[PDB]
2 protein chains.
Amino acid sequence: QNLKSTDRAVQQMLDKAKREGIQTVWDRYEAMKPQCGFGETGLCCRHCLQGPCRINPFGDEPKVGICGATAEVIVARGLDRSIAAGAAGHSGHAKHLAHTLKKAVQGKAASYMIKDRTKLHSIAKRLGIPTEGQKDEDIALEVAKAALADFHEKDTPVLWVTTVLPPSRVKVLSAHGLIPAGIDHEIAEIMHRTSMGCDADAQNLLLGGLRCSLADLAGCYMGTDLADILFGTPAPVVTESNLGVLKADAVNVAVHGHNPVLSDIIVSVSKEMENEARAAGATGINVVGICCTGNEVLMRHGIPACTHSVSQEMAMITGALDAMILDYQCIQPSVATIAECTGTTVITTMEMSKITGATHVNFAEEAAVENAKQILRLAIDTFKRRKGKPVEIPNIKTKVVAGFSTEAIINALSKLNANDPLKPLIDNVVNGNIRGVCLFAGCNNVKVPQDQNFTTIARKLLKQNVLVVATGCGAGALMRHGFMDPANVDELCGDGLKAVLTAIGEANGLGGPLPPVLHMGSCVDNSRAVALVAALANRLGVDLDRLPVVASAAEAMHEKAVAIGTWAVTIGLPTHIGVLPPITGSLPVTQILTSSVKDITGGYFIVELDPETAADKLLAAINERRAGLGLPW
Amino acid sequence: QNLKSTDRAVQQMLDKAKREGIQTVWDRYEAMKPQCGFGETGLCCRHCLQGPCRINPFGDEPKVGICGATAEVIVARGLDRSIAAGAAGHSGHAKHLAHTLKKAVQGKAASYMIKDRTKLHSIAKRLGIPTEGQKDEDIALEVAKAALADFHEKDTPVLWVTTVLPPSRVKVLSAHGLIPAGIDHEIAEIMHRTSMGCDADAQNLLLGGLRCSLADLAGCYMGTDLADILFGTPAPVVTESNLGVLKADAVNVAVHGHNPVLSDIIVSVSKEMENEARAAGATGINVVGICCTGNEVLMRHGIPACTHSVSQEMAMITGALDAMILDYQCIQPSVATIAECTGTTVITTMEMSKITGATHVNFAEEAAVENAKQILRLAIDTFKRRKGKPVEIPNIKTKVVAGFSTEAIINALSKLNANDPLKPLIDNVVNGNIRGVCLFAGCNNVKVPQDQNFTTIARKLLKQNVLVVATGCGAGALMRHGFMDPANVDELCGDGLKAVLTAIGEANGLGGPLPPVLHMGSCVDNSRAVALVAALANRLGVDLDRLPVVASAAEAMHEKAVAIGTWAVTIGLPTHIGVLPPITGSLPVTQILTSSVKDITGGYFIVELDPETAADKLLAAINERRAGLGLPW
Ligand code: SF4
Ligand code: SF4
Ligand code: FES
Ligand code: FES
Ligand SMILES: [Fe+2]
Ligand SMILES: [Fe+2]
């Protein structure tokens, strides 16, 4: 089972699933092998009814698509559609939150409100919306309106790009025609250009992809901004992770998906319903997180994280998961069927994301509390039904310190330098105590033993004094393996990094360090890393492609992760991907994405499946940046 | 060669291509066989980096996708993405025209103007935009603004749906949540919902597809409306079709793609440049059409059509095609390479549609005449280079009467009943002289011997007194085989239909009938058939799903054609498709699209690859409609 997951709790549940005959994602993977090599390499097209077309990577015919599409074109079109799909997900989540905010401040949904007034005003100032003499509800309405306006063409480009990067970066991107005109506009233009008999020049196609990846960035940044207004900007919080956060004697309710608009209300209403759960024989309602909706409520409220991506089914296998409350994205639809075996009540809530066999609740903001109580009552009923049934919850959990928004990082640093908070971080980059910064982002992927790349690469980087930050299932991996527990700083961190984490931690009164890795939140909250890195670039008076900052989507899976990797490259970062995207069928496309794009944006992909090698390549990238700033390395 | 194309001119060029060693679409097809059966049946997914996933149609594992996606889900997601892609193309073309109109009336591009004032005012009235006391430029600005607003969410749904169908149809669609909220909004929502770990219920997915197909309809209707304002509403016109419209002694320039925004200017400027072409030794500039940009200029100006879809390369093989001027969609990218052998100058013009090896001209409305002259001068240079080179233009062409906009059909009918123009058509439906109406739409497809389905089915329908209308490459097929020549009415038409075509024709002073098939224009101009059918439904006080009207995408290829077929079903029509879309891997999805959707929209797909059988099924569908109206059949 160690060949499937490096998480011991997952291994334990994989043994239980096997003896019970419950098929898992890893079983379904095994049943799929050998996988199609045309698709793996990107040399397949189904963009018209003359296909499917394929191209042999090597050898004889077929060499070209039926319409004449080359390997270059086919690979680039496929990639562009994945970027557009990722942009559609992040920006759909953001759009939904914009509508929520509008409802809140129009008095249409009293369960929602402006929680973070400081965030609201800062965003309005970033955007150039006046605040002086305006009511908060009106400033919010303006913010929501501006968010919605970034989805279509208008007299300005997408402000959730141009107002979040430094002018010198915007100027480089503008020069190459890369600034998006509108989020849904770009998504549609990708779908058009990639359709049969349209764009058929790899460079042109890939420039379009880069632009659409910035539309994805805008969606991410918008989603973080709006969720912080509605639900609060995260600050440091202490919690736990892994399956051992489940409790046999409680009603265990997982919140799973990405948009926390209802799950944030579930957290608050569950508390209210404690005496009702006790009436049903439970100690209370124990809300736990899966995936990014889990990350959202972890970051804001300290809700413990149960599990992430690839291992999500394992929470059900314990027998103790009374309900799984779903929004959208990254939910294996197997959960609906596994529920028949495990007894879990799986509940969908969003109109555009249903799963055959799951019970659907028509969530509406105006009815959010009513919805939450209905859902929680189903969970309580489910808990009652498992009266007397043994459960098998692995007694495995880690301590997690999280909540490191960019605001929180800047505040923590300000305890070392109140009026120039970034300076202590830069001072330590310069003196070598911090070698650089690495963002771990993205998924787990069944192809890679769960967490192995994230932990292998992080361990090497941390020993080499890299400041590591993480989001999404990268954060999930690292938290489940102890990288968010400050007790592990001595073991994991190089001396320079330890000194910095300790100095910041002791200035924040902790009597001890920051954790080894800073959890910056959900997948949209990759935008928080952009804010930090843009702030550093502006403080130094350089562009992002001069900073010793890299990214690693070490176990990438979703189209969303491909979009994030692509905008990381576009904003100027060396960006590792630890699974093969479907590009290797075209050497020219590979050479653009790994090499010639450096000349355009300064960033580039590093495609490397061996994690020890990837760590060495990431360090080399960091060190090349240091050398370009004239620093020792 | 008759196994490849039923067009004799195409056969002749296929012989020339073979002896010259120039690879064609049919050669590339042969090199692709056998094609992948997973893709053909829809049982392949590449929506995340855990794939590719496939499912065996029959037998053992794999049975399910890695994430748990069933065959139902995989098939429905794939189909939905094709619909969204088609919507992106039609609506991208419409969007571009909206911007053109705005430029025109703002004084930013004097080559463009309001040509059809009557169309402008009728559209403004349909939309509820005031005209009384307003300047034309301001009414136009309002129309353009309304067009652009239909791409995003706002306080109304998409007006290019709700204002073009009858209220009773809109009410049925609204009840099922099918009215689009915004064109690019829906495209993005499809891409989101179909991404990994989102929507996973076939019915839910397919309802989303139906809604997105209405966004495609809106794009089609918008595109027709705006092109008619800018360029003129078509009226009856006489021209010719097939390769024999090329002239050895002239500069032959093809206009190819779908958006005629520049090619309409090329038509007018080419005339201006006659004395300059004569200076270069040519008789003049002979502009000819390929595909839908060809249809646009045929319908408005009587520009002869050279060829269509699958056979497009054959125009180059003649050796006489001096230039091919490309916009976007349905252009085989092979043309750029074939040009190296044939000498043709292939020129791209749209930013998002380039082809490696083709010369690019950065078209801008403000510079349209300058662009046109540059392009025409390249063509003249090319003509000079082939001085003394024999060419092989098949001496094969047909006569074509076309230009049957809905306005033109209503006008023609009005000569029989001035104040109730639809009544003579309805009277003849009722008395059986017209059995019903069939729209032929969509592509050719290399899988089907070119034109064979269109001509086989049309011939059977016409003998059974069906009024046949056609667009796109369906029109192209029928025109190249003589179905737009009124001289062929005696041979092709049943006695009842002949009597009607004759009575209308003689009332329009023609001394003879309308042609056997009415050419209603380009692919966006499928919207014209919707206008006609909606007008009939309103005149009868019934919904579209009670009318004896059917559609046939007999040789479908492009994602655009899948979107059109889907909205034809959604608005209530029995809709034949003569190529397999990738659905047969899921019986449940097939049963929804061919059967249970009848209960939702009244329409349904008829999937039938044998054209004689398809004709019988289409007649049965027509006759069932007649029986439901209490009519003899
Ligand atoms: S777009 Fe070209 S390469 Fe793709 S399926 Fe159609 S014919 Fe084949
Ligand atoms: S979305 Fe599911 S079925 Fe599709 S490739 Fe990914 S794991 Fe396979
Ligand atoms: S041939 Fe396998 S992914 Fe298409
Ligand atoms: S396995 Fe052939 S289309 Fe994917
Ligand atoms: Fe996530
Ligand atoms: Fe067309």
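Proteins come first, then strands; the chains are lettered A, B, ... in the order of their sequence lines, and each starts at number 1. Computed from heavy atoms alone, side chains included, the values below leave out hydrogens, waters and symmetry copies.
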Q.
For a 4.5 angstrom cut-off between non-hydrogen side-chain atoms, does B:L609 reach B:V579?
A.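 No, side chains not in contact.
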
Out of [options], which one racks up the most heavy-atom pairs below 4.5 Å with chain A?
options: B:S334, B:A200, B:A85; value: B:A200
options: B:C48, B:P582, B:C53, B:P333; value: B:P333
options: B:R54, B:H99, B:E351, B:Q203; value: B:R54
options: B:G357, B:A358, B:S195; value: B:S195
options: B:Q50, B:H90, B:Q35; value: B:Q50

Do [X] and [Y] pair up side chain to side chain, a donor and an acceptor below 3.5 Å, judged on atom types alone?
X: A:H47; Y: B:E559; value: no
X: B:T348; Y: B:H360; value: yes
X: A:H558; Y: A:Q329; value: no
X: B:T293; Y: B:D327; value: yes

Quick check: closest heavy atoms across [X] and [Y], and the distance to 0.1 Å?
X: B:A76; Y: B:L206; value: CB-CD2, 3.9 Å
X: B:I187; Y: A:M191; value: CG2-CG, 4.4 Å
X: A:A215; Y: A:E186; value: CB-CB, 4.2 Å

Heavy-atom proximity to chain A below 4.5 Å, by part of [X]:
X: B:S82; result: neither
X: B:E313; result: neither
X: B:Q23; result: side chain
X: B:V310; result: side chain
X: B:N204; result: side chain
X: B:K447; result: side chain

**Q.** Part of A:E153 lying under 4.5 Å from any heavy atom of chain B
**A.**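 The side chain, not the backbone.
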
Q | Under 4.5 Å from a heavy atom of chain B, the part of A:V562 involved | A |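 For A:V562, the side chain is the part near chain B, not the backbone.
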
Heavy-atom pairs under 4.5 Å with chain B - which of [options] has more of them than the others?
options: A:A88, A:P62, A:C67, A:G68; answer: A:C67
options: A:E189, A:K560, A:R81, A:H258; answer: A:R81
options: A:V446, A:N445, A:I355, A:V25; answer: A:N445
options: A:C330, A:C291, A:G257, A:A561; answer: A:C330
options: A:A84, A:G37, A:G92, A:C44; answer: A:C44
options: A:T356, A:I338, A:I66; answer: A:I66

Q | Any residue meeting ring pair (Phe, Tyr, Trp, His ring centres under 6.0 Å) with A:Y328, in chain and number order, not counting sequence neighbours | A |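 Only A:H96, B:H192 meet the ring pair (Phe, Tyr, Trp, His ring centres under 6.0 Å) criterion with A:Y328.
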
(Q) Please enumerate all residues that pass ring pair (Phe, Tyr, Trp, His ring centres under 6.0 Å) together with A:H185, with sequence neighbours excluded. (A)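 Expected list: none.
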
Q: Establish, yes or no, whether the cationic atom of A:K95 lies under 6.0 Å from the six-membered ring centre of A:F151 and within 45° of the ring axis.
A: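 Satisfied, under 6.0 Å and within 45°.
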
Q: Answer yes or no: is there an ion pair linking A:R193 with A:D199, defined by an N-O contact shorter than 4.0 Å?
A: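 Judged by the 4.0 Å cut-off on N to carboxylate O distance, A:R193 and A:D199 do form a salt bridge.
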
